[PDB]
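Starting off, we have a lone chain in the form deposited in one PDB entry, written out as structure tokens.
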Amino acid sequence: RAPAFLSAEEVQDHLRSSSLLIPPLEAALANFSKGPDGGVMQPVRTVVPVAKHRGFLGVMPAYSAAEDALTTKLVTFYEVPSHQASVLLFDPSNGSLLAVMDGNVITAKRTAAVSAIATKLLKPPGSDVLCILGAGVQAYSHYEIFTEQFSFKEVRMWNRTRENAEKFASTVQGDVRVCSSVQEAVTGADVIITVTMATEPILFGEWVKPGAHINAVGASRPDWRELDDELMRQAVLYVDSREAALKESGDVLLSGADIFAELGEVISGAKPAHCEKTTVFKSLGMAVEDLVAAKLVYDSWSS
């Protein structure tokens, strides 16, 4: 019995709303951070660079006992969407390949879903203003769930090329104030989302409102950065994975910042959410997050 293939449109049908992903992801992150008592086996992501094409192949395997599912997501990103992904789903009991599915929409919706979880815990009292840095796939996915989950009075956006932000602004529903600089976009912003593939810092702490929350999603490479030192050093730093951040996050590696806690620890109440101080959630993506989503799809697909 050959494995089933699930198209991008097959997946989204059996995926449904991005915020429906939230409670299972909350469980996955907590289980992960619980370590040996959490049932999650997840080594740090293996990345092989394709220098000849300025690209990378990410391989993210995971087993999760609670979901009893065995997965591997393979993602290529190059500096045809920039990010291409496929998820493999195995029978954890015998090991046969069950399904090969398009991983792009899972990646987009799950990443947005995790940022929202961290945002819900860490956004300051009186979070009226949201700012989005970037205008790619993740920006759309984050915009959809953040306007769904939260109630911002104003949304700002900056992109490297202003045309794509204005395009973004006119495509999405609801008003978007396109700003020509990051300084303008984040000034007075209570929640900031950085979803660019920049490699040198675009976000400087001096522009950041005291107590603001930052979701740093991009710069998933040891030599890449989105944030400067002042922000990385002065803010309370949360990550999805401590082992992954110390190996793959240039924002963490180069700044020399102390990781305060893993987001899963907070979810379980093992660590506090300092919503009143300036916070940074540095997200690098974890295989267990993909696991949960792909498991939801196949199970739906099977019924």
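From 1 onward, residues are counted along the sequence shown. The term rigid core refers to the most C-alpha atoms you can superpose between the two forms while keeping them within 1.5 Å. Residues that one form lacks are left out of the comparison.
Counting the unmodelled positions of the deposited sequence between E79 and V80 gives a gap of 4 to 9 residues. Look at the C-alpha B-factors of 222 to 230 and of 130 to 138. On average they run higher in 222 to 230. For the pair 149 to 157 and 167 to 175, the record assigns the higher mean C-alpha temperature factor to 167 to 175.
When the C-alpha B factors of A30, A51, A261, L57 are read from the deposited coordinates, the top value falls at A51. When the C-alpha B factors of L253, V47, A62, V266 are read from the deposited coordinates, the top value falls at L253. The entry lists a Cα temperature factor for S96 that places it in the highest third of the chain's modelled residues. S86 sits in the middle third of its chain by CA B factor, as recorded in the PDB entry. Ranked within its chain, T196 lands in the middle third, by CA B factor from the PDB record. In the deposited entry, the Cα temperature factor of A235 places it in the highest third of its chain's modelled residues.
In this PDB entry, the Cα temperature factor of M286 sits in the middle third of its chain's modelled residues.
One more form of this protein, deposited in another entry, exists but is not displayed; see below.
With the core held fixed by superposition, the comparison between the shown form and the other one singles out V50 as the only member of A65, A270, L246, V50 whose CA moves by at least 2 angstroms. Here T279 does not count as shifted, since its C-alpha moves by less than 2 Å between the shown form and the other one after the core is aligned. Once the rigid core is aligned, the segments that move between the shown form and the other one, defined as three or more consecutive common residues whose C-alpha shifts all reach 2 Å, run 18 to 20, 49 to 55.
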